[PDB]
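Note on naming: letters A, B, ... go to the chains in the order of the sequence lines (proteins, then strands), and numbering restarts at 1 for each one. Heavy atoms only: backbone and side chains are in, while hydrogens, waters and symmetry mates are out.
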There are 2 protein chains.
Amino acid sequence: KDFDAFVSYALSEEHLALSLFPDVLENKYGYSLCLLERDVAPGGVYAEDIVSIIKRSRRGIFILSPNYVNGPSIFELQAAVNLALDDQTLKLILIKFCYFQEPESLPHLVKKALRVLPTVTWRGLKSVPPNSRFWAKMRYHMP
Amino acid sequence: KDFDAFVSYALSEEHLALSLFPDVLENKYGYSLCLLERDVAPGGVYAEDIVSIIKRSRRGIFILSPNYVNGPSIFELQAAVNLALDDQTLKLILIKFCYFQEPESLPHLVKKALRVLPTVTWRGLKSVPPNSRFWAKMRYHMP
């Protein structure tokens, strides 16, 4: 394993994933994150790229939103859930970025994980300071 | 390889893939097709299986619709387009099941493939029967 946590995502979601997570967890608290766009080689087969970085990651961190659960992005959480039932060194954490209604024919096991996995509610401006409840819960769930 | 064609999808889109495509191409013309639900053993990683059946397939068949291009199924087509780059034994065909708009955020290679790949139109009751124009074009693009 080569990454503390892999960060999957659909201010904004994108700002929280790509600027805020590495700012706090990497640049301030020294963890080792994986972002698709930074750590993987362009081109390539996206299905393997994710199964690979999942296999080299200690946690999974999923920023849930309506755009996530109704888009192609949900491919990433399914793989994580698949790979997690084989290895439980892999611990998955959801993040409630905003309300999302959950879709109606998500595959069996993805519905299942939504029902039991730990969620940290993202609460906007309050959550942004590095000493916030949000990051506190994030750090608690890191290796 | 070992399959003539892999049939990817998100009456109904599922009836086409699961029922009519075996009825015509498999049964009626003796071809060898791969359906995810039928020809891979359950469990295992969904992203390892689509890459493996694509690698084993002479042809890729993709039933497009808004459901497909806006859901995670869009990653079956993204893999094949990259894999088909490496390997010229793999030829891809697009099926237009019903009108869709090219989603604004597909991977660069997927958008390219929508632009240039051979596209056969599903025309409802007219295309069902074996000697229909849709199956004629289909059998042309088979091995």
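Hydrophobic clustering of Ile, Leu, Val, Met, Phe, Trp and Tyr side chains at less than 4.5 Å, counting indirect connections, keeps B/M138 apart from B/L117. Connection of A/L18 to A/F3 is not established within any shared hydrophobic cluster, with ILVMFWY side chains joined at heavy-atom distances below 4.5 Å, either directly or through further cluster members. Placement of B/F62 and B/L90 within a single hydrophobic cluster is found when ILVMFWY residues are connected by side-chain heavy-atom separations under 4.5 Å, directly or transitively.
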Under 3.5 Å, which donor-acceptor pairs link chain B and chain A? Put them in a table for me, please.
| unit_1 | atom_1 | unit_2 | atom_2 | d |
| --- | --- | --- | --- | --- |
| B/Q78 | OE1 | A/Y46 | N | 3.1 |
| B/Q78 | NE2 | A/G44 | O | 3.3 |
| B/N82 | ND2 | A/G44 | O | 3.3 |

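Side-chain atoms of A/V51 and B/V51, non-hydrogen and from C-beta on, never get closer than 4.5 Å to each other.
Every side-chain contact (heavy atoms from CB on, under 4.5 Å) that B/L85 has, sequence neighbours left out, goes to B/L109.
Contact detail for A/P22 and A/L35: the closest heavy-atom pair is CG-CD2, 4.4 Å.
Highest contact tally toward chain B, considering only A/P103, A/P107, A/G71, is held by A/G71 [criterion: heavy-atom pairs under 4.5 Å].
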